[PDB]
Amino acid sequence: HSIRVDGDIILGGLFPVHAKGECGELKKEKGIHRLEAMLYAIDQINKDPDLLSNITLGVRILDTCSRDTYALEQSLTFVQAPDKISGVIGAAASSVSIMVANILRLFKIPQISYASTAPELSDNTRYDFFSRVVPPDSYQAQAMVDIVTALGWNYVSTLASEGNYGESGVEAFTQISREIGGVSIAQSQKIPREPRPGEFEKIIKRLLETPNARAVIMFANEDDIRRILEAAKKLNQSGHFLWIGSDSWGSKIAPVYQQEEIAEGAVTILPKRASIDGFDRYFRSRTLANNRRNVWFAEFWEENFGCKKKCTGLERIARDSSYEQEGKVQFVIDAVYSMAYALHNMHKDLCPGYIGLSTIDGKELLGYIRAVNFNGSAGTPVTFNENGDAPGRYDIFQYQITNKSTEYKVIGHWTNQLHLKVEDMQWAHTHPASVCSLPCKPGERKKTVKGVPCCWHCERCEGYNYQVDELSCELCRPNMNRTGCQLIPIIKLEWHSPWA
Amino acid sequence: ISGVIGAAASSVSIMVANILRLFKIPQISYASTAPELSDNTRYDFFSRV
Ligand SMILES: N[C@@H](CCC(=O)O)C(=O)O
Ligand SMILES: N[C@@H](CCC(=O)O)C(=O)O
């Protein structure tokens with residue numbers, strides 16, 4: 001099960017065409033939908049006269065099944081060269097990307113990822129040849145804490161998925177929330193990706209015990225959120241109502257299927273993306289008859305239309321079928337075009353006067369990759385930072401349930417600073433108050449009390465007063481916090497006093 | 001392959017350990033004396049005599 005096309009210079013791809021489901025079921029939105037985008041980009045590049053004249057590109061596309069070990073064991077085909085691979089364009093999960101980068105760096109094959117958002121990959125000591133078209137998962141935590149503090153939420157529960165992405169994201173979120181101030185994690189939970197009442201139902205039944213925390217921040221995978229929602233619906237319509245999800249939830253309508261009322265009013269974040277109209281025409285025209293290139297495509301059809309009853313030779317992929325372009329279909333084109341531009345610059349420099357091609361050096365090719373900027377194929381300039389990342393711009397969506405239909409609509413933005421519109425928002429309950437106790441203020445000389453780390457008494461500190469010298473009410477009207485021993489005036493019998 | 005008996009050079013041992021740790025194969029070098037391999041964060045399955 002693979003796609004092999006031959007050309008002067010060819011590239012590799014890694015996509016999660018199969019998912020665990022509820023390699024069990026095809027990933028309609030983040031599988032086939034991205035293979036077709038990569039093939040469309042390759043076809044568009046080949047016909048362009050300006051770029052790679054006399055060089056025809058090819059593809060080596062494989063399946064990861066959303067597993068790091070499986071992708072690692074099938075990425076050995078890239079190094080054993082069989083077909084020689086100039087660069088690898090496919091990586092969709094941080095766990096897959098890290099393991100693939102570890103093997104590829106040894107054999108000096110450049111890699112570009114279109115959907116992996118993990119700060120660990122920002123390290124260039126251990127990942128020399130890794131490049132990225134999306135921002136690292138460090139601005140996303142800042143955006144989530146900004147959303148949490150803007151609406152006054154200080155008592156929240158956090159859930160994460162075991163792995164690089166979930167753990168790194170939840171650690172960054174906790175650090176930024178502590179730095180922001182007043183955001184306190186009542187419960188922090190982790191999920192191991194095994195759907196079982198032992199863990200997932202226990203997570204939902206352990207979030208129940210803290211009723212004051214009515215908001216949940218989650219760093220969980222695409223498949224883990226589905227089990228979270230299913231367990232939430234089973235267990236008395238959930239006890240963790242508000243869900244502030246990261247890009248893994250994104251705006252995917254598939255996970256919330258049959259569990260819609262659970263996610264009513266949730267707020268989710270995605271990378272800022274603009275639709276590509278050119279790919280819309282390409283995808284719809286891909287019939288079962290004509291699209292023989294994709295080996296998996298037939299199976300996708302059986303899932304998409306629930307057909308084999310005999311199929312009617314009139315069904316198509318259109319607005320009725322909810323074509324619904326995936327969010328990260330613009331970064332695949334950017335990655336493929338960046339690699340093509342780097343190869344074009346390399347071959348223009350090395351052998352002037354000959355458009356055609358012998359041996360490619362990974363190090364200098366990667367040096368070319370880090371030093372190329374260009375306007376996007378149709379939407380926006382593409383460039384790499386010093387570490388190979390992309391700038392952080394995020395959009396905010398909310399799972400509103402209109403009477404007619406349930407959908408995500410944009411509710412704001414975040415580029416180093418947060419814009420939001422509360423008026424159009426709709427809530428599950430009525431803002432979801434998530435607080436424990438009133439914050440301490442220098443009201444009658446300040447205080448700070450122990451208890452549950454999320455709770456504080458904030459009583460008075462009776463007596464004298466000073467300006468900023470309040471250290472747990474420490475003495476030098478004593479105030480129990482006397483620091484007026486510094487600025488104290490000495491009074492003596494004045495000359496002009498009447499007693500004098 | 002239960003285990004791999006090392007290498008006689010530090011560069012060879014490092015390059016072999018990098019590939020072997022991914023597939024979880026223990027390694028025991030008999031003649032590599034570099035102190036870069038003393039790190040256990042990047043060389044999990046490497047040991048030396
Ligand atoms: N950024 C996510 C995946 C994003 C996606 O697949 O949509 C991760 O690191 O796993
Ligand atoms: N310890 C030496 C090798 C000594 C030997 O092989 O005799 C090295 O790291 O290269």
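Taken together, the values in this text are just the output of simple stated rules run on the coordinates, not laboratory data. Cβ atoms come from the backbone with ideal geometry, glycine included; neighbour counts cover every protein chain shown.
For residues that are surrounded by 10 or more Cβ atoms within 10 Å (Cβ to Cβ) and closer than 22 Å to A:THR210 by Cα, tally how many sit in the stretch A:434-492.
15
Can you confirm whether B:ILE19 is within 14 Å of chain A (Cβ to nearest Cβ), out of contact with any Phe, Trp or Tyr (no Cβ under 9 Å at 6 or more places or on another chain) and more than 16 Å from ligand 1 (Cβ to nearest atom)? Please lay out each step first, then the result.
Working: within 14 Å of chain A (Cβ to nearest Cβ): yes; out of contact with any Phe, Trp or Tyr (no Cβ under 9 Å at 6 or more places or on another chain): yes; more than 16 Å from ligand 1 (Cβ to nearest atom): yes.
Yes, satisfied.
Which condition number in (1) away from ligand 1 (no atom under 16 Å from the Cβ); (2) farther than 25 Å from A:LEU208 by Cβ is the one that A:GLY152 fails?
(2)
State which residue pairs qualify: first residue part of a strand (DSSP E or B) and inside the stretch A:253-277, second residue surrounded by 14 or more Cβ atoms within 10 Å (Cβ to Cβ) and β-branched (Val, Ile, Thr) in any location, beta carbons under 6 Å apart, and separation of 6 or more residues or different chains.
A:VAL267/A:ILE244; A:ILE269/A:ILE396; A:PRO271/A:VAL134
For the stretch A:36-77, enumerate the residues that are more than 26 Å from A:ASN290 (Cα to Cα) and small (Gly, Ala, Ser).
Selection gives A:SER53, A:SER66, A:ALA71, A:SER75.
Select the strands (runs of 3 or more DSSP E) contained entirely in the stretch A:179-245, then report the ones holding at least 1 residues which are hydroxyl-bearing (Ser, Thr, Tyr).
A:184-191
Could you grab me the full set of residues in the stretch A:104-138 that are surrounded by fewer than 23 Cβ atoms within 10 Å (Cβ to Cβ) and either under 18 Å from A:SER2 (Cβ atoms) or more than 14 Å from chain B (Cβ to nearest Cβ) (or both)?
Selection gives A:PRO119, A:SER122, A:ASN124, A:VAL134, A:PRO135, A:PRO136, A:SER138.
Pick from the stretch A:76-96 the residues that are away from every other protein chain (no Cβ under 14 Å) and either within 19 Å of the chain's Cα centre (by Cα) or within 16 Å of ligand 2 (Cβ to nearest atom) (or both): which of them is surrounded by the most Cβ atoms within 10 Å (Cβ to Cβ)?
Step by step, filter the stretch A:76-96, then rank; the result is A:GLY90.
Inside the stretch B:1-10, can you point out the residues that are within 16 Å of ligand 2 (Cβ to nearest atom), surrounded by 11 or more Cβ atoms within 10 Å (Cβ to Cβ) and within 10 Å of the chain's Cα centre (by Cα)?
B:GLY6, B:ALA7, B:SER10
Residues in the stretch A:132-141: is at least one of a type in the set (S, T, N, Q), within 10 Å of ligand 1 (Cβ to nearest atom) and within 13 Å of the chain's Cα centre (by Cα)? Steps first, answer last, please.
Looking only at the stretch A:132-141, we keep the residues that are of a type in the set (S, T, N, Q), and these are A:138, A:140.
Adding the requirement that they be within 10 Å of ligand 1 (Cβ to nearest atom) leaves A:140.
This time we only want the ones that are within 13 Å of the chain's Cα centre (by Cα), so: A:140.
Yes, that holds for at least one residue.
Spot the failing condition for A:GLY245; the list is (1) within 29 Å of A:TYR323 (Cα to Cα); (2) surrounded by fewer than 23 Cβ atoms within 10 Å (Cβ to Cβ), and only one is missed.
Checking A:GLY245 against (1) within 29 Å of A:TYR323 (Cα to Cα); (2) surrounded by fewer than 23 Cβ atoms within 10 Å (Cβ to Cβ), the one that fails is (2).
Mind counting the residues in the stretch B:29-47 that are within 16 Å of ligand 2 (Cβ to nearest atom) and either buried (at least 16 other Cβ atoms within 10 Å of the Cβ) or within 14 Å of another protein chain (Cβ to nearest Cβ) (or both)?
Result for the stretch B:29-47: 7.
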